[PDB]
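Trainee: Residue numbers (the deposited numbering), protein chains in the order written: chain B, 1444 to 1528; chain A, 968 to 1015.
Heads up, the beta-carbon is just placed ideally off N, CA and C, and yes, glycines get one too.
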Amino acid sequence: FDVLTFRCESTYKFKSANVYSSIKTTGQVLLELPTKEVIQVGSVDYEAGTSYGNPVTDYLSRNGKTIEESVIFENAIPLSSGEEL
Amino acid sequence: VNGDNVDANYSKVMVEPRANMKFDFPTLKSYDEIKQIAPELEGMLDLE
């Protein structure tokens, strides 16, 4: 292990405005394989109760952002701006 | 998980100490114990 790229999925249950009655997480596990030849992987599991956040998702985010094929360009210029839009 | 509102109660609030300036006249011992410090010297000096 040196890095993750989990494709996960969770399930929240609210008991109030922000606090969650329960948490359910099952997700999937990811990491690089041998000579760029990747095959099947496994998954995860989690439950909770009366929680103010999800450990799994917050952990994955806190270590870093997702597979982000979107880095914003430095400065803005117009594209088709004017009255012809 | 537990949020920032519950973990704050885990720590106790201490007492912020301050001065207790008294005047503290010399501590008068009891008569029974001060008759032990000095033997029967009672009524023998002129207090004046």
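Buried or exposed: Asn969/A, going by 16 or more other Cβ atoms within 10 Å of its Cβ?
Mentor: Classification of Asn969/A: exposed, given that the 10 Å Cβ count is below 16.
Trainee: Any beta carbon from chain B within less than 7 Å of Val980/A's own beta carbon?
Mentor: For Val980/A, the answer is no, since every Cβ of chain B falls outside 7 Å of its Cβ.
Trainee: Would the beta-carbon of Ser1453/B fall within 7 Å of that of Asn1506/B?
Mentor: Contact: no.
Trainee: Along the region 1479–1504 of chain B, where does the CB come closer than 7 Å to a CB of chain A? Name the residues.
Mentor: Under the 7 Å Cβ criterion, the region 1479–1504 of chain B contributes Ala1491, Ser1494, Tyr1495, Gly1496, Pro1498.
Trainee: Just to confirm, are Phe1449/B and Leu1474/B a CB contact at a threshold of 7 Å?
Mentor: No, the pair does not count as a contact, with Cβ atoms beyond the cut-off.
Trainee: Where does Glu1490/B fall in DSSP's three states?
Mentor: Reduced to three states, the DSSP call for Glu1490/B is strand.
Trainee: Could you give the DSSP three-state label for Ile1466/B: helix, strand or coil?
Mentor: Looking at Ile1466/B - three-state DSSP - the assignment turns out to be strand.
Trainee: Look at the Cβ atom of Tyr1489/B, then the Cβ atom of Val1499/B, and state whether they are nearer than 7 Å.
Mentor: The answer is yes: Cβ separation under 7 Å.
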